[PDB]
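Below sits a lone chain in structure tokens, taken as the form deposited in one PDB entry.
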């Protein structure tokens, strides 16, 4: 009747199979205490699938004004209607075009804005918050979430959740670009893939996706989820242990200098959110600094748990809708303390 869990990343990543199992914490807490990320599959089967479609967001919210980002060159597209984003999510012939006349790979910036998700989308808020895995950690009032219980000596997360909406990266050149560049968060996070859109028009794009996963260092069991079970892959993540953050900063200072950037010796390339670690940079991190990460493919309905302090980057394989909630576990509270 389905096994409790399996392993990815050759034994280094816990994958829980039943999102609402009351005994998940017993397997989870040992991996979490060691500063590892955790994957939980099957959250899509708990949700009302009609609430998470791109066509519904366009119909209900299409007249709101927003900014977009061109993922290929970081150009900002200012003050457009949110339908201009949603109507091109899966239909390539409807996307905003760059000067070269190609359809753009776009990210929708800060939408819903700030802490407004609950007010703007109360039925979505309920559906997500009631079906989050590890609820004693992840609910606003969970017994193991210290977010509402800490004094001002700790950086507290904003009221969530936050939605992350972007097209898939397409070409061989796109393999070196991030959807979200390398950064870290002082809080813990759970990120849920609630919808994956595989386009039509330039549909037949299956093969660059396989080369991206393979070159991305994905394990053999992860490759079997496509070929054997035909699940929809959304996004390729690289996550690094919080303890390796300074070694990553040293690599990126050296590369910034090799590329003729002019940066003070103390500047923080992870906080700048300006780098994506491509195959060349990931190999250099392993070979020159001794640092190994976790390469994670987030499929429809996968919840990725990212530990406080852990540097991480995201590369969309197809068009994705992700919803994330921040929390403060007792295992990782040291990462948000304002002294020493």
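Rigid core (definition): largest C-alpha set, two forms, superposition within 1.5 Å. Positions refer to the first chain, counted from 1.
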Which is farther from the shown form in 9 other deposited structures of this protein in C-alpha RMS with the core fitted, 125 to 133 or 229 to 237? 229 to 237
Output the stretch having the higher mean C-alpha B factor in the entry; the candidates are 164 to 172 and 223 to 231. 223 to 231
Give the stretch, out of 89 to 97 and 205 to 213, with the larger mean C-alpha temperature factor in the deposited entry. 205 to 213
Please pick out which of 132, 76, 242, 186 has the largest Cα B-factor as recorded in the entry. 76
Candidate set 84, 262, 136, 246 [ranked by C-alpha B-factor, highest]: 262
Within this chain's modelled residues, let me know which third the CA B factor of residue 120 belongs to: lowest, middle or highest. highest
Among all modelled residues of this chain, ranked by Cα B factor, put residue 178 in the bottom, middle or top third, i.e. lowest, middle or highest. lowest
Lowest, middle or highest third: which one holds residue 156 when the chain's residues are ordered by CA B-factor from the entry? highest
Going by the CA temperature factor in the PDB record, which third of the chain does residue 72 belong to: lowest, middle or highest? middle
Would you please rank residue 287 by its C-alpha temperature factor against the other modelled residues of its chain and give the third it falls in: lowest, middle or highest? highest
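The same protein has a further form, the form deposited with a small molecule bound, not shown here; the description that follows concerns it.
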In the deposited bound form, does residue 85 come within 4.5 Å of the small molecule, counting heavy atoms only? no
When the contact criterion is heavy atoms within 4.5 Å, does residue 68 count as touching the small molecule in the deposited bound form? no
Indicate whether the small molecule has at least one heavy atom within 4.5 Å of a heavy atom of residue 179 in the deposited bound form. yes
Is there any non-hydrogen atom of residue 89 lying within 4.5 Å of the small molecule in the deposited bound form? no
Selected contact from 118, 109, 183, 247, since only one has a non-hydrogen atom within 4.5 angstroms of the small molecule in the deposited bound form: 183
Pick from 285, 277, 303, 314: which has a non-hydrogen atom within 4.5 Å of the small molecule in the deposited bound form? 314
Which of 168 to 176, 183 to 191, 143 to 151, 127 to 135 lines the interface with the small molecule in the deposited bound form (heavy atom within 4.5 Å): 183 to 191
